[PDB]
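Below you'll find the structure, written out as structure tokens, and then a few comments.
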Protein chains: 2
Amino acid sequence: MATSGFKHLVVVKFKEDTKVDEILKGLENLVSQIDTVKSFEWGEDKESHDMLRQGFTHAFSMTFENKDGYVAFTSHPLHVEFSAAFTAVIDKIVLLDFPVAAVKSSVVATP
Amino acid sequence: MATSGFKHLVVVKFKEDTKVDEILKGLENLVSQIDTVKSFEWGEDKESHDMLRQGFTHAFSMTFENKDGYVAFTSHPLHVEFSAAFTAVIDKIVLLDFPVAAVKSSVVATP
């Protein structure tokens, strides 16, 4: 529905030895696509407890201002070449995407 | 490490009939804890493709300004009573929590 913000998330595990930090240099490059300041991307490693770490290893939270950022990120050759390796460097790929409505912030509740 | 923002996420599936919208009224109440404006919570339903929907059904993205929001949300009786039902109303519970550093936004890459 892309009501407001659009979110894409990937959860992965490594079997070769995912160099997340060397990959991080890619993200810095990947951010290159944020010239449109209408796109977002963050990174996370499972720095919690095995029971809360879901067991994976790291994920990427990509949020866009709207569908324009989504077609933009793909309209470049930097995501294709990177996506191919993103696999070669992963053991499993899981992704959840859904429409985010920055409104839940409701400090009011009906009786 | 809680370097900057702290994220907690839950992925779940329903077997009884998770009324996410009636639950949403709870979130509006849950937001009540955001009087400290140092806490965050959003909601999402798998409105994508079975292959991208991960198959679950809905998740909650709770982010805090720092550890103070994390001890705050629990320092209230609204999360306990709600958490008990959060289960009674769920079929499976999965959660990933990790330190988020709002800095990845790097539009520069070394040669």
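Here, A, B, ... name the chains of the structure tokens in the order displayed, residue numbers run from 1 inside each chain, and ligands are numbered from 1 in the same displayed order.
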
Taking only C-alpha atoms into account, find every residue of chain A that has an atom no more than 6 Å from chain B, and write it out as a list in words.
residues 28, 29, 31, 32, 42, 46, 47, 52, 53, 54, 95, 96, 98, 104, 106, 107 and 109 of chain A

Could you give me, as a list in words, the residues within 8 Å of stretch 73-83 of chain B, counting only C-alpha atoms and dropping anything in the same chain fewer than 3 positions from it?
residues 30, 33, 39, 69, 70, 86 and 87 of chain B

Just-selected residues, C-alpha atoms written as a compact mmCIF listing (two decimals), in the first residue's frame:
```txt
# COMPACT_ATOMS: atom_id res chain seq x y z
CA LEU B 30 1.13 1.38 24.57
CA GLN B 33 4.59 5.23 27.59
CA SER B 39 10.84 5.68 22.95
CA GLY B 69 13.64 4.24 27.21
CA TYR B 70 14.19 0.47 27.50
CA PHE B 86 0.64 -10.60 23.31
CA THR B 87 1.37 -14.32 23.65
```

Can you check which residues of stretch 78-107 of chain B DSSP gives as strand (DSSP E or B) on the backbone and send them as a PyMOL selection string?
chain B and resi 92-100

Residues just named, written with N, CA, C and O atoms as a PDB file, in the first residue's frame:
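Printed below is out_27.pdb as written:
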```
ATOM      1  N   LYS B  92       3.548 -17.915  17.310  1.00  0.00           N
ATOM      2  CA  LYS B  92       5.027 -18.069  17.418  1.00  0.00           C
ATOM      3  C   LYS B  92       5.644 -16.697  17.739  1.00  0.00           C
ATOM      4  O   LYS B  92       5.149 -15.679  17.302  1.00  0.00           O
ATOM      5  N   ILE B  93       6.707 -16.647  18.505  1.00  0.00           N
ATOM      6  CA  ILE B  93       7.319 -15.319  18.826  1.00  0.00           C
ATOM      7  C   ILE B  93       8.807 -15.328  18.453  1.00  0.00           C
ATOM      8  O   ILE B  93       9.573 -16.154  18.911  1.00  0.00           O
ATOM      9  N   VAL B  94       9.211 -14.404  17.619  1.00  0.00           N
ATOM     10  CA  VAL B  94      10.650 -14.301  17.210  1.00  0.00           C
ATOM     11  C   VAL B  94      11.118 -12.851  17.422  1.00  0.00           C
ATOM     12  O   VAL B  94      10.443 -11.925  17.023  1.00  0.00           O
ATOM     13  N   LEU B  95      12.255 -12.624  18.042  1.00  0.00           N
ATOM     14  CA  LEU B  95      12.680 -11.203  18.275  1.00  0.00           C
ATOM     15  C   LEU B  95      14.181 -11.009  18.020  1.00  0.00           C
ATOM     16  O   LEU B  95      15.010 -11.779  18.462  1.00  0.00           O
ATOM     17  N   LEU B  96      14.526  -9.948  17.328  1.00  0.00           N
ATOM     18  CA  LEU B  96      15.963  -9.622  17.088  1.00  0.00           C
ATOM     19  C   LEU B  96      16.271  -8.232  17.661  1.00  0.00           C
ATOM     20  O   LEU B  96      15.642  -7.257  17.304  1.00  0.00           O
ATOM     21  N   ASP B  97      17.245  -8.126  18.527  1.00  0.00           N
ATOM     22  CA  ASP B  97      17.574  -6.794  19.121  1.00  0.00           C
ATOM     23  C   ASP B  97      19.066  -6.509  18.907  1.00  0.00           C
ATOM     24  O   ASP B  97      19.906  -7.356  19.132  1.00  0.00           O
ATOM     25  N   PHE B  98      19.402  -5.326  18.465  1.00  0.00           N
ATOM     26  CA  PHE B  98      20.843  -4.995  18.238  1.00  0.00           C
ATOM     27  C   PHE B  98      21.062  -3.477  18.294  1.00  0.00           C
ATOM     28  O   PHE B  98      20.143  -2.713  18.094  1.00  0.00           O
ATOM     29  N   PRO B  99      22.267  -3.039  18.558  1.00  0.00           N
ATOM     30  CA  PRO B  99      22.588  -1.583  18.639  1.00  0.00           C
ATOM     31  C   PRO B  99      22.575  -0.910  17.264  1.00  0.00           C
ATOM     32  O   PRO B  99      23.213  -1.369  16.336  1.00  0.00           O
ATOM     33  N   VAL B 100      21.849   0.166  17.118  1.00  0.00           N
ATOM     34  CA  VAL B 100      21.803   0.862  15.801  1.00  0.00           C
ATOM     35  C   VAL B 100      22.598   2.167  15.871  1.00  0.00           C
ATOM     36  O   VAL B 100      22.397   2.981  16.749  1.00  0.00           O
TER      37      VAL B 100
END
```

Atom-to-atom span, atom CA of residue A:23 and atom CA of residue B:3, Å:
19.6 Å

Which distance in Å separates atom CA of residue A:60 and atom CA of residue B:18, to one decimal?
27.3 Å

When DSSP works through the backbone of this structure, what residues of chain A end up as alpha helix (DSSP H), shown as a ChimeraX atom specification?
/A:20-30,67-74,77-88

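Between atom CA of residue A:63 and atom CA of residue B:89 the separation is 28.4 Å.
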